[PDB]
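Enquirer: Chains as they are written, first to last, in the deposited numbering: chain NQ, 4 to 82; chain SW, 92 to 270; chain SS, 370 to 386; chain NG, 11 to 137; chain NM, 20 to 52, 56 to 233.
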RNA sequence: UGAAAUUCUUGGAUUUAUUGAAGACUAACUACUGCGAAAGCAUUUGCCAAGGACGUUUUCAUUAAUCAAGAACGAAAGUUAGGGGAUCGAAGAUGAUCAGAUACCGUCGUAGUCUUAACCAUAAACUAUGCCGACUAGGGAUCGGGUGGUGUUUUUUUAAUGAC
Ligand SMILES: [Mg+2]
Ligand SMILES: [Mg+2]
Ligand SMILES: [Mg+2]
Ligand SMILES: [Mg+2]
Ligand SMILES: [Mg+2]
Ligand SMILES: [Mg+2]
Ligand SMILES: [Zn+2]
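#1: Nearest to residue 76 of chain NQ by CA position, among NQ:58, NQ:37, NQ:69, NQ:60, is which residue?
#2: Residues of chain NG with CB closer than 8 Å to the CB of residue 119 of chain SW, please, in chain order.
#3: Is there at least one Cβ from chain SS nearer than 8 Å to residue 82 of chain NM's Cβ?
#4: Grab the span of the alpha helix (DSSP H) containing residue 32 of chain NQ for me, first residue to last.
#5: Using a Cβ-Cβ cut-off of less than 8 Å, give me the residues of the segment 208-219 of chain NM that come near chain SS, in sequence order.
#6: Considering just the uninterrupted stretch of the alpha helix (DSSP H) at residue 249 of chain SW, what are its terminal residues?
#7: Should residue 76 of chain NQ be listed as close to ligand 7, given that the test is whether its C-beta is under 7 Å from any heavy atom?
#8: Residue 69 of chain NM bridges to which residues according to DSSP?
#9: Enumerate in chain order the residues of its own chain whose CB-to-CB distance from residue 136 of chain SW is below 8 Å, with the five nearest sequence positions on each side excluded.
#10: Given a cut-off of 8 Å, decide if residue 198 of chain SW and residue 190 of chain SW are closer than it, judged by their beta-carbon atoms.
#11: Between which two residues does the beta strand (DSSP E) carrying residue 127 of chain SW extend?
#12: Residue 49 of chain NM bridges to which residues according to DSSP?
#13: Just to confirm my understanding: we take residue 37 of chain NM, look at its own chain, exclude 5 residues before and 5 after, and list those with CB closer than 6 Å. What are they?
#14: Quick check on residue 102 of chain NM: does DSSP put it in helix, strand or coil?
#15: With a threshold of 8 Å between beta-carbons, can residue 44 of chain NM be considered close to chain NG, or not?
#16: Residue 211 of chain NM bridges to which residues according to DSSP?
#17: Which residues of the segment 137-156 of chain NM have a Cβ closer than 7 Å to any Cβ of chain SS? Give them in chain order.
#18: Taking only the alpha-carbon atoms, compute the straight-line gap between residue 173 of chain NM and residue 138 of chain SW and give it to the nearest angstrom.
#19: So is residue 266 of chain SW in contact with chain NG if we call contact Cβ pairs under 8 Å?
#20: Could you spell out the range, first to last residue, of the beta strand (DSSP E) harbouring residue 98 of chain SW?
#21: Could you check whether the Cβ of residue 112 of chain NM sits closer than 8 Å to any Cβ belonging to chain SW?
#22: Pair every Cβ in the segment 205-224 of chain NM with every Cβ in the segment 135-144 of chain NM, then say whether three or more of these pairs are closer than 8 Å.
#23: When the Cα of residue 73 of chain NG is compared with those of NM:180, NM:25, NM:156, NM:128, which residue comes out closest?
#24: Would you call the CB atoms of residue 66 of chain NG and residue 42 of chain NG closer than 8 Å?
#25: Just checking: is the beta-carbon of residue 93 of chain NG within a distance shorter than 8 Å of some beta-carbon in chain SW?
#26: What number of angstroms, rounded off, separates the C-alpha of residue 12 of chain NQ from the C-alpha of residue 5 of chain NQ?
#27: Below 8 Å on the Cβ atoms is my guess for residue 61 of chain NM versus residue 100 of chain NM; work out the distance and round it to an integer in Å.
#28: Taking its Cβ as the centre, do 16 or more other Cβ atoms sit within 10 Å of residue 26 of chain NQ, making it buried, or is it exposed?
#29: Can you find the residues in the same chain that come closer than 8 Å, C-beta to C-beta, to residue 37 of chain NG, ignoring five residues on each side of it along the sequence?
#30: Alpha carbon to alpha carbon, what distance is there between residue 161 of chain NM and residue 207 of chain NM?
#31: Kindly list, in the order they appear in chain NG, the residues whose Cβ is closer than 9 Å to that of residue 296 of chain SW.
#32: I'd like to confirm something about residue 48 of chain NQ: is its beta-carbon nearer than 7 Å to some heavy atom of ligand 7, or not?
#33: Name, in chain order, the residues that DSSP records as bridge partners for residue 2 of chain NQ.
#34: Out of NQ:62, NQ:60, NQ:44, NQ:67, state which residue places its alpha-carbon closest to the alpha-carbon of residue 51 of chain NQ.
#35: If you measure from each CB to the nearest heavy atom of ligand 7 and keep those under 6 Å, what residues do you get, in chain order?
#36: Per DSSP, what kind of secondary structure is residue 40 of chain NM in: helix, strand or coil?
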C-alpha cells in the first residue's frame with residue numbers, strides 16, 4: 004500500500020519523468036572548466052550541440068543519444 | 092583386417108544424451124566388434140578404429156559407425172543397437188519440403204499431423220511397418236528393413252500431402268494384416 | 370571462483386527451459 | 011605400396027551406381043550399376059542389387075591394382091532429396107567388407123543455394 | 020577386343036613444396052600414340071590431412087592442377103581450396119548470426135582469385151541469453167574489416183606465399199584479433215578459395231615451386 | 001512403374017572430370033523475431049530520398065479524432081505492345097489402361113512463370129475481431145532507445161569504447 008499524495012522519494016525517482024505526481028525534468032546544468040583557460044562555461048547535461056569554449060574554441064562536450072559525453076580532461080561541477 | 096578409422100561428428104544437441112548413454116555404448120563396440128572407441132572432445136567427434144591384432148570381422152568398423160550415426164540422428168540407443176545385432180537395416184531420410192513446399196503454420200501442422208496427438212500416429216506407423224521413425228523438425232528419418240522403410244515412407248508422405256490421420260490409420264491395419 | 374560458472378549454467382538451463 | 015582411387019556412389023530412387031575412378035576423376039576404372047546385377051527392374055534400387063555391384067567393382071579394382079578407395083557418396087540432389095538412400099548405404103557396407111581399404115567418406119550431394127521449382131506442383135508429389 | 024588397361028600407363032603425382040607430403044598418389048592415362059596433353063589440365067582434390075599428415079586439417083580440401091610432366095612425374099600447382107560439407111553443416115547452427123564475406127583480388131603473381139570467409143557470433147562466458155545475434159551495424163563493420171584484411175594479405179603476397187599463409191590459419195587469427203572489439207565471434211574460417219584467372223605460364227616458376 | 005510401355009542408347013546413353021552459355025531464385029543462419037498503411041520485404045557494396053521509437057529545462061500554440069465526395073497503393077491469376085524464354089507448367093497431344101494402402105502414373109510441353117510501358121482491382125486480402133482516448137492484476141522472456149553500478153570480459157600498455 005502507498006499514498007499517492009505523499010509518494011516515497013525512491014518510488015518517484017524510479018518513475019518516468021512525465022509519470023510522476025508533478026512532471027519535471029531529470030536533466031541538469033553543469034559548470035565545465037576548460038583545461039586551458041580555466042574559465043567556466045554552462046553546459047546542458049543532454050546538450051545536442053558540440054558546446055565550444057568561447058575564448059579557446061575547444062570542444063567541451065559531444066552529443067550522443069542521451070546525456071552528452073564530456074571531453075576528456077574537462078573538470079565539471081553540477082550547477 | 093588393416094588399420095582403419097571412422098569419424099562421426101556429434102551435433103551439439105545430441106552430446107548430452109551421448110554422455111548419459113556412453114556407459115551402454117562402448118561395451119558392445121569394444122567387446123563384440125573388438126573396436127577401439129574414443130571421443131575427441133576437442134572436435135566433438137566419435138572416433139572408431141580397427142585393432143589389427145584383435146579385430147576379426149571386416150565389417151565391424153562400418154557396422155559400428157552406422158550404429159553411432161543412428162544414435163546421432165536421434166534414434167534411441169536400443170534401436171541403434173539393432174544395427175550392431177543385424178546386418179539388413181538401413182536409414183531413410185527425407186525432408187518435408189521434398190514432398191511439398193510447406194511454410195508457416197502449414198509446416199507446423201504437417202509435423203503435428205505426422206506425430207499425431209501424444210505421438211500416437213508415429214507409433215502406429217512404427218508398429219505396423221516394423222520400423223522406427225525420428226521426426227526431427229522438418230527432417231524425417233526412418234530405420235528398418237528396406238521393404239519396411241518404403242511402406243512407412245508412403246504412410247508418412249500421405250500425411251504430409253494432407254491425408255487425414257484417421258484414414259492413414261486404417262490403411263496401416265490393412266498392411267499390418269498382410270505383413 | 371569457478372562456482373560462478375556453475376551459476377551461469379543453472380541460469381542457462383532455466384532460460385532454455 | 012598403397013594405391014588410392016576414388017569410389018563414387020550415386021544413390022538414386024530407382025537405381026544405384028558404383029563408379030571407381032582415379033584420383034583426378036577423369037579416368038574410369040569400373041562402373042557397375044544395380045540394373046546390371048538384377049533381373050527385375052523393381053529391385054534395381056534394392057540393397058541386394060548394390061551389394062552385387064559393389065562386390066563386382068571391388069573384385070575388378072583389385073585386378074587393376076587399386077587397393078584403396080575414397081568414398082564420395084551422393085544422392086540425386088538439386089531440387090530432389092539430398093541424403094543418399096539405402097542403395098548407397100548398402101554399397102558402402104559391401105565395399106568395406108570386400109577388404110578394399112576405405113580412405114575417407116564424404117557426402118558431395120549437389121545442394122543448391124536456391125534452386126528452380128520442383129517438378130511436383132503446388133499440391134505435391136509422391137502419393 | 021582390347022582390355023583398355025593393357026594400353027594404359029601410370030603416372031605419379033607430386034605436390035608443391037609448400038605442402039609437407041609431396042607424394043599424393045598416382046593416376047593413369049593412355050600411352051602415347056600424346057599422354058602429356060591429356061595429362062595437362064587434370065585436377066586432383068585431396069584433403070589437407072594427407073598432405074600435412076595431421077588430423078587438424080580433416081575438414082579442408084585442396085585442388086591441385088597438373089601443369090608439367092617430366093619422366094612419369096606430374097608437377098602440379100595450387101588451384102583451389104574448400105571445406106568439406108559435413109564441417110560447414112556442423113558450424114551452421116541455430117540461435118546465432120552467420121557473417122560471410124567474399125573478396126576478389128589479384129596476387130603479386132597476377133593470379134586473380136576469390137576468397138570466401140565465414141564467421142559466427144558467440145555468447146560471452148557469463149552470457150545468459152539464449153541467442154547471440156549481432157545488430158546489422160556490427161555485421162557490416164565485421165564484414166568490412168574482413169574484406170580489408172583479406173585484400174591486404176592477398177595483394178602483398180605471391181600465390182605460394184598465400185598458400186603458406188592458408189595452411190597455419192594465421193589469417194583466421196588476424197581476423198579474430200581485428201574483430202575482437204566489434205563483437206565476439208567463433209568459427210572464423212577462410213571458407214573457400216577460387217582461382218578465377220591465370221597469368222602466362224612460366225615453367226621456371228613451377229620448377230622453383232617444386233624445387 | 002504395383003509390373004510394364006511410349007522415351008534415350010555401341011553414331012556411346014546414364015555416370016565421371018575440365019570448362020562455357022542462358023534465365024530465374026537467394027538454402028542452411030530462419031525464430032508468430034524485425035520492418036512497412038496494407039498487399040508484402042531475406043546475397044555483398046554504393047547512391048537517393050523516407051520512417052517509428054528514444055533523449056531534449058528547443059520551438060508553434062488547438063493546428064486535433066472519425067470520415068460520404070475524391071484520391072494513392074493493392075498477393076496470385078488475367079489483357080494490350082516490345083524483350084526474354086533455364087526450370088516448372090493451365091491447354092493440347094501421346095504410352096498404358098492390368099492391380100485399390102502406394103488408384104492417377106508417365107513423356108512432349110502452347111499461354112504463363114521473368115522484365116519494360118500501361119490496364120484489371122479480386123482473396124480464408126483473417127485477430128472469420130473498425131479507428132481514437134481513459135481506466136482495471138501479478139510474472140519473466142525478447143526487440144529498439146535512455147539512465148544507474150565504484151559488476152565480468154575485451155582493448156593483452158593503460159584506458160575509453162564494444163560484448164555480457
Ligand atoms: Mg533481425
Ligand atoms: Mg519524431
Ligand atoms: Mg489505381
Ligand atoms: Mg509477350
Ligand atoms: Mg496474407
Ligand atoms: Mg484501446
Ligand atoms: Zn581554453
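Virtual Cβ for every residue (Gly too), placed ideally from N, Cα, C.
Expert: Reading it off the structure:
#1: NQ:37
#2: By Cβ distance, chain NG contributes nothing, its closest Cβ being about 18 Å from residue 119 of chain SW, past 8 Å.
#3: no
#4: From DSSP, residue 32 of chain NQ is part of no alpha helix (DSSP H) but of the beta strand (DSSP E) over 32-36.
#5: none
#6: 237-252
#7: no
#8: NM:83
#9: 98, 99, 100, 101, 130
#10: no
#11: 126-131
#12: NM:27
#13: 182, 185, 186
#14: strand
#15: yes
#16: NM:140
#17: 148, 150, 152
#18: 38 Å
#19: no
#20: 96-100
#21: yes
#22: yes
#23: NM:25
#24: yes
#25: yes
#26: 12 Å
#27: About 18 Å; that fails the 8 Å criterion.
#28: exposed
#29: 31
#30: 11 Å
#31: As displayed, chain SW neither begins before 92 nor continues past 270, which places residue 296 of chain SW out of reach and without an answer.
#32: no
#33: Residue 2 of chain NQ lies beyond the range of chain NQ shown here (4 to 82); nothing can be said about it.
#34: NQ:67
#35: NQ:37, NQ:39, NQ:40, NQ:56, NQ:58, NQ:59, NQ:61
#36: coil
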